[PDB]
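Have a look below at one chain only, the form deposited in one PDB entry, in structure tokens format.
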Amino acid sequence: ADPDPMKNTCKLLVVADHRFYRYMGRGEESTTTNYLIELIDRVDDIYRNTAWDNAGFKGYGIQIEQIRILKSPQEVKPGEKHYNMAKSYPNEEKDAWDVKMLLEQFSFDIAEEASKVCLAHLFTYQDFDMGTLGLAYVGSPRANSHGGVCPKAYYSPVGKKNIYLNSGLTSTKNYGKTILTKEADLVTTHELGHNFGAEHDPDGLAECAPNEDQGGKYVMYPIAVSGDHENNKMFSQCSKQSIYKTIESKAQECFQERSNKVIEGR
């Protein structure tokens, strides 16, 4: 099983909510798309150059298919919620949503567009409790996988539609501060890594959680350790095992060819 050039790319829906647009894009479309285009490039760089078998099974990446920028809050009726509404949920005195509820709701609301891509990712700007930066559904090689890349849908009778949990989100706000772009690069790489089927690197396995004087942790380590060490922008063998099986299984199904189109999504 070696890479198919016509199926080596996971096409991505990128969504920026009004909070990201206002604070990170400074309320400019141009600034917003520039920031996201460059972040996905840097994330893709990590992925393409990763050899999941440590041999030559590499060149798998991600490419933006759509950048959906929501320029104001979603109008809502009493009772209703929407991942892009003005207030945070379920507690509107907090800066941020409950982050699990946010991913669930983003997944529900963005379902029509998520059905058309390998992954959908929300970019937002809020301070989640406990210093959380991202969250994503974990992929799997299982034929009946219901999360991450190329998942099976859950049907929503109330929504009269299929819901796909091929989703995740990143916040570039933490403890009231905008994070460094190189920190943001890592979080999104981490959240996408779950989608591709990796769990956290266990602090147990030293070869998957090397000490600082050993080159530092790999990207799927569940704490944002300060300073930049070599391993930070690499996938551990623990991650590589999981992600390799997942790709090998799912790429034929919903990966595409690398392209540089004039217009995406037509």
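Shifts are known only where both forms have a C-alpha. Residues carry their position along the shown sequence, with the first being 1. The term rigid core refers to the maximal set of C-alpha atoms that superpose within 1.5 Å between the two forms.
In what follows, reference is made to the form deposited in another entry, a form of this protein that is not presented.
**Student:** If you fit the two forms on their rigid core, which residue out of 71, 82, 146, 161 shows a CA shift of at least 2 Å between the shown form and the other one?
**Tutor:** With the rigid core superposed, the residue that stands out is 161.
**Student:** Would you say residue 225 moves its Cα by 2 Å or more between the shown form and the other one, aligning on the core?
**Tutor:** For residue 225, whose C-alpha is compared between the shown form and the other one after core superposition, the shift is 2 Å or more.
**Student:** Just the runs, please: which groups of three or more residues in a row shift their CA by 2 Å or more between the shown form and the other one on the core?
**Tutor:** Three-plus residue runs displaced between the shown form and the other one: 156-161, 225-227.
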